[PDB]
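Chains as they are written, first to last, in PDB author numbering: chain c, 563 to 619, 655 to 705; chain M, 1 to 148; chain Q, 145 to 368. All residues carry an ideal CB built from backbone N, CA and C; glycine is no exception. Accompanying notes for the structure given below.
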Amino acid sequence: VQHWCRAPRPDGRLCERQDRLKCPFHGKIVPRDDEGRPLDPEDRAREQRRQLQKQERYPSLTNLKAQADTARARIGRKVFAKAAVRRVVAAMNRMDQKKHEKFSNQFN
Amino acid sequence: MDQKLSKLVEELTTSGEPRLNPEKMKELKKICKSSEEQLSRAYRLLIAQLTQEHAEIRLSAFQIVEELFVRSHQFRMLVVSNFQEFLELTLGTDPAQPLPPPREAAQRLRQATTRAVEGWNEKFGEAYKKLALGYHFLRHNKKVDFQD
Amino acid sequence: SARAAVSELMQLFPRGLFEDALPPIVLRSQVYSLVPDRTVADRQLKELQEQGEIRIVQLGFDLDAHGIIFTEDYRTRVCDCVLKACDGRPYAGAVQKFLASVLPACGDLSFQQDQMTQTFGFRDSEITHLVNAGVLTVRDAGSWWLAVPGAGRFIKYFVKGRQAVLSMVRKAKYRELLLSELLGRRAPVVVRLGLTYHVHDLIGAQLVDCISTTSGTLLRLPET
Ligand SMILES: [Zn+2]
Ligand SMILES: [Zn+2]
Numbered sequence: 563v564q565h566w567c568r569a570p571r572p573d574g575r576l577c578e579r580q581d582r583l584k585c586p587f588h589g590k591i592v593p594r595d596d597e598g599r600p601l602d603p604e605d606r607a608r609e610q611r612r613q614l615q616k617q618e619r655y656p657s658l659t660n661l662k663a664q665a666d667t668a669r670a671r672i673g674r675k676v677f678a679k680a681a682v683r684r685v686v687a688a689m690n691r692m693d694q695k696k697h698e699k700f701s702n703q704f705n
Numbered sequence: 001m002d003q004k005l006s007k008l009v010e011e012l013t014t015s016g017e018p019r020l021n022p023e024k025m026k027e028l029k030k031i032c033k034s035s036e037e038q039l040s041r042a043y044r045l046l047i048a049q050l051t052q053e054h055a056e057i058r059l060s061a062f063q064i065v066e067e068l069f070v071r072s073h074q075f076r077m078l079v080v081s082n083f084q085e086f087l088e089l090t091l092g093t094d095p096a097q098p099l100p101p102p103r104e105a106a107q108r109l110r111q112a113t114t115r116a117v118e119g120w121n122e123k124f125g126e127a128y129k130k131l132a133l134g135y136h137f138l139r140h141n142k143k144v145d146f147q148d
Numbered sequence: 145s146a147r148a149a150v151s152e153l154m155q156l157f158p159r160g161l162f163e164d165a166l167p168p169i170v171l172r173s174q175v176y177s178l179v180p181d182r183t184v185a186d187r188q189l190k191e192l193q194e195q196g197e198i199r200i201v202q203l204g205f206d207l208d209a210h211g212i213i214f215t216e217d218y219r220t221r222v223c224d225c226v227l228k229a230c231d232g233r234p235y236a237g238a239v240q241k242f243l244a245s246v247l248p249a250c251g252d253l254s255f256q257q258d259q260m261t262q263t264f265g266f267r268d269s270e271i272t273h274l275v276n277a278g279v280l281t282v283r284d285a286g287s288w289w290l291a292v293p294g295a296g297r298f299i300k301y302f303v304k305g306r307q308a309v310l311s312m313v314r315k316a317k318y319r320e321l322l323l324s325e326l327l328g329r330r331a332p333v334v335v336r337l338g339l340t341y342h343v344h345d346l347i348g349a350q351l352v353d354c355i356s357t358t359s360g361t362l363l364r365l366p367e368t
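This is the structure we're talking about:
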């Protein structure tokens, strides 16, 4: 992993992250010079366009939707779904299938 | 003069205020003292609002009812007429008709109505035999903790 | 008198909605609406029914649903429509015999097998002929109610209209509403028979409380 993210950080430092493909904090990794400008002018234009797009874009009573509208509720809905638990049980049963395969030579 | 009464109770209820606004409370007091059929109209407002599904709204309605009860005499006969349904909607005695959310509002309603029933038994209980019966009925058949 | 009341209510019937295939129908509960003395209403309706001017038919959608129809509207519509749509198919003659023999004789609500087999010489084949005519429907084994052909359409519209009107009263404030306000209000498309018709029915069956106020008669839902 040789090429570095090298994007201009808000602190004036260039990123030293050694990711093969993408920077988690700067999107796709493009080759940058010692001062962080991408070598390809077209890549620089695309990055500038992406940055510009990103920059552009009974009350006194409790609302039950507050609990329903939260990350934890969403995750609980996703994981505790009948389909999801069924897939989990299937995978764990295949794990059981391997520990059933732990008797090769003998009768088992 | 019916529109203004409905308006005023609408602000008092829908606001969900933890405590009643005293100025419009006094306006309601004076305007209801004006007429007795209007007092019944306010009673009907309160009953209608109590059925609506929100614990805070029910708390506001019950607080208004307690104010009128302590303040008015004819209102006492009027409410003790349907004390059965009133207890049902406030105490949630029938499990088939629980108290809506939020839970904090429901608990506050429970505590406030227990205390209000106790006070009414102390004050008007002899004056309304049905109130004494209802108190006793709560205390034994439902086993409501009056010390909570 | 009940006779007037049934007359005015029969006028409210929108005959065009059923393309004049169905004779106009009035529900006994609506007769109670215009005649508050429920007992006198029932006595005078029984008087009329004995005299043979009207027929009472078990509409079935509720156990207390008895539809009231002028006998002549019944005869006219049944003869016309049934014989026209059934010219040639056999039960026309059987229905003719029925209208000629039974209806003038007994105005009874139900028909039991023994009566038609003996007093009227009707056969099983002819009874099945009637049943397919729509004129009879099965109460029990060997028992049948009188019926109007095609009543299902009216029953469906009436049921949906009643529930819609009740819902409209419910959704008004307090679950209350003034009668004039309801009548003037634009009728929902579900309510196909007209609002006065359904309002009388609701008032008569004590489904809605009629409170006479200074502004008129208010409708309130009794506390359930
Ligand atoms: Zn980076
Ligand atoms: Zn980055």
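Between the CA atoms of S173 (chain Q) and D208 (chain Q) - distance to the nearest angstrom:
Residue numbering aside, residue 208 (chain Q) sits at position 64 when the third sequence is read from its first letter. Residue numbering aside, residue 173 (chain Q) sits at position 29 when the third sequence is read from its first letter. Approximately 9 Å between the Cα atoms of the pair.
Leaving out five residues on either side along the sequence, give the residues of the same chain with a beta carbon under 6 Å from the beta carbon of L189 (chain Q).
Mapped onto the third sequence, residue 189 (chain Q) falls at position 45. Within the same chain, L189 (chain Q) has close Cβ partners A146.
Nearest residue (CA-CA) to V292 (chain Q), options Q:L327, Q:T357, Q:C225, Q:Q259:
As a working note, residue 292 (chain Q) is residue 148 in the third sequence. Selected option, being the one with the closest Cα: Q:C225.
If I measure Cβ to Cβ from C577 (chain c) and keep anything under 8 Å in the same chain, skipping five residues before and after, which residues do I get?
Residue 577 (chain c) sits at position 15 when you count from the first residue of the first sequence. Taken in chain order, the residues that qualify are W566, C567, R568, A569, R571, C585, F587, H588.
Is it a yes or a no for the region 128 to 137 of chain M touching the region 310 to 319 of chain Q, going by three-plus beta-carbon pairs under 8 Å?
They do not touch, by the three-pair rule.
Original post:
If we call anything under 9 Å between Cβ atoms a contact, is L323 (chain Q) one with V343 (chain Q)?
Top reply: On the third sequence, residue 323 (chain Q) is found 179 positions in, with the first residue counted as 1. On the third sequence, residue 343 (chain Q) is found 199 positions in, with the first residue counted as 1. Yes; because the gap between Cβ atoms is below 9 Å, this pair is in contact.
task = Name the residue from Q:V170, Q:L280, Q:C223 whose alpha carbon lies nearest to the alpha carbon of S254 (chain Q).
result = Locating residue 254 (chain Q) in the third sequence gives position 110, where the first residue counts as 1. Here the closest residue by C-alpha is Q:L280.
Does ligand 2 have a heavy atom nearer than 8 Å to the CB of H565 (chain c)? Within the first sequence, the letter at position 3 stands for residue 565 (chain c). No heavy atom of ligand 2 is found nearer than 8 Å to the CB of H565 (chain c).
- Item | Validate contact between the region 685 to 703 of chain c and the region 589 to 601 of chain c using beta carbons, cut 8 Å, 3 pairs | No, they do not touch.
In chain M, which residues lie less than 7 Å from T659 (chain c) when you measure between Cβ atoms? In the first sequence, residue 659 (chain c) corresponds to position 62, counting from 1. Result: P102.
Among M:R19, M:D145, M:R76, M:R103, which has the Cα closest to the Cα of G125 (chain M)? Against the second sequence, residue 125 (chain M) aligns to sequence position 125. That would be M:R76, whose Cα lies nearest to the Cα of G125 (chain M).
* To do: Please go through the region 308 to 343 of chain Q and give each complete beta strand (DSSP E) segment of 3 or more residues, from N-terminal end onward.
  => 320 to 322, all fully within the region 308 to 343 of chain Q.
Q) Looking at the C-beta of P656 (chain c), does it have a partner C-beta in chain M at a distance below 9 Å? A) To locate residue 656 (chain c), count along the first sequence from 1; it is residue 59. Proximity of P656 (chain c) to chain M, defined by a Cβ-Cβ separation below 9 Å, is satisfied.
- Message: Please give the ranges of any beta strand (DSSP E) in the region 243 to 286 of chain Q, keeping only runs that are unbroken, at least 3 residues long and fully inside the region.
- Response: 254 to 256, 280 to 284
| According to DSSP, what are the bridge partners of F86 (chain M)? | Counting from one through the second sequence, the residue named residue 86 (chain M) turns up at place 86. None; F86 (chain M) has no bridge partner.
Within-9 Å CB hit, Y235 (chain Q) to chain M: Here residue 235 (chain Q) refers to the residue found at position 91 when the third sequence is read from its first residue. Judged by the 9 Å Cβ criterion, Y235 (chain Q) is not in contact with chain M.
Original post:
Taking 8 Å as the cut-off, does the CB of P586 (chain c) come closer than this to any heavy atom belonging to ligand 3?
Top reply: Ligand 3 is absent from the structure shown, which contains only ligand 1 and ligand 2.
Q | Element boundaries [beta strand (DSSP E), containing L363 (chain Q)] | A | Translated into the one-based positions of the third sequence, residue 363 (chain Q) becomes position 219. Its beta strand (DSSP E) spans residues 360 to 364.
Below 8 Å, can you find three or more Cβ-Cβ pairs linking the region 101 to 109 of chain M to the region 43 to 63 of chain M?
yes
Identify which residue in Q:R364, Q:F214, Q:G196 has its Cα closest to the Cα of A149 (chain Q). As a first step, residue 149 (chain Q) must be located in the third sequence, where it is residue number 5. Comparing Cα positions, the closest option is Q:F214.
Confirm the yes/no value for this check: CB of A569 (chain c), any heavy atom of ligand 1, distance under 8 Å. Working through the first sequence from its first residue, we reach residue 569 (chain c) at position 7. Within the cutoff, so yes.
Checklist line | Alpha-carbon to alpha-carbon, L327 (chain Q) and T340 (chain Q) | finding: For the purposes of this step, residue 340 (chain Q) is identified with residue 196 of the third sequence, where counting begins at 1. For the purposes of this step, residue 327 (chain Q) is identified with residue 183 of the third sequence, where counting begins at 1. Roughly 7 Å separates the two Cα atoms.
- Contact test: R579 (chain c) Cβ vs ligand 2 heavy atom, cutoff 8 Å: Position 17 of the first sequence holds residue 579 (chain c). The answer is yes for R579 (chain c).
In DSSP terms, what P570 (chain c) is bridged to: Numbered from its first residue, the first sequence carries residue 570 (chain c) at position 8. For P570 (chain c), which the question treats as bridged, DSSP gives the partners c:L576.
From this set, Q:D186, Q:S359, Q:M312, Q:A238, which residue's C-alpha is nearest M260 (chain Q)'s C-alpha?
As a first step, residue 260 (chain Q) must be located in the third sequence, where it is residue number 116. Across the set Q:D186, Q:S359, Q:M312, Q:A238, the C-alpha of Q:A238 shows the shortest separation from the C-alpha of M260 (chain Q).
Next on the checklist: Given this structure, state the Cα-to-Cα distance separating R297 (chain Q) from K29 (chain M), to the nearest angstrom.
Outcome noted: The sequence position of residue 297 (chain Q) within the third sequence is 153, counting from 1. The sequence position of residue 29 (chain M) within the second sequence is 29, counting from 1. Straight-line Cα distance between these residues: approximately 54 Å.
**Asked** With C-beta atoms as the reference, is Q3 (chain M) less than 9 Å away from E36 (chain M)?
**Response** Mapped onto the second sequence, residue 3 (chain M) falls at position 3. Mapped onto the second sequence, residue 36 (chain M) falls at position 36. No, they are not a contact pair.
Do you know how far the Cα of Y655 (chain c) is from the Cα of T14 (chain M)? As a position in the second sequence, residue 14 (chain M) is number 14, starting the count at 1. As a position in the first sequence, residue 655 (chain c) is number 58, starting the count at 1. Rounded to the nearest angstrom, the two C-alpha atoms are 5 Å apart.
Quiz item: Counting pairs of Cβ atoms below 8 Å between the region 137 to 147 of chain M and the region 179 to 187 of chain Q, do you hit three or more?
Solution: no
Please classify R691 (chain c) as buried or exposed, where buried requires at least 16 other C-beta atoms within 10 Å of its C-beta.
As a first step, residue 691 (chain c) is located in the first sequence; it is residue number 94 there, counting from the start. Exposed, since its Cβ has fewer than 16 Cβ neighbours within 10 Å.
Between the alpha carbons of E53 (chain M) and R671 (chain c), how many angstroms are there, rounded? The residue labelled residue 53 (chain M) in the question sits at position 53 within the second sequence. The residue labelled residue 671 (chain c) in the question sits at position 74 within the first sequence. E53 (chain M) and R671 (chain c): Cα-Cα distance of roughly 25 Å.
#### Entry: Proximal chain Q residues relative to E88 (chain M), where beta-carbon distance stays under 7 Å
Position 88 of the second sequence, counted from the first residue, corresponds to residue 88 (chain M). For a Cβ distance threshold of 7 Å, nothing in chain Q lies close to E88 (chain M): the least Cβ distance comes to about 10 Å.
- Could you name the residues of the region 36 to 55 of chain M whose beta carbon sits closer than 9 Å to any beta carbon of chain c, in the order they occur along the chain? Within the region 36 to 55 of chain M, the qualifying residues are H54, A55.
*Below-9 Å beta-carbon distance, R319 (chain Q) vs any chain M residue*: Start at 1 with the first residue of the third sequence, and residue 319 (chain Q) comes out as number 175. Closer than 9 Å to some Cβ of chain M, the Cβ of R319 (chain Q) qualifies, so yes.
Task: Run of the beta strand (DSSP E) containing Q202 (chain Q), from where it starts to where it stops - done: If you number the third sequence from 1, residue 202 (chain Q) lands on position 58. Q202 (chain Q) -> beta strand (DSSP E) spans 198 to 202.
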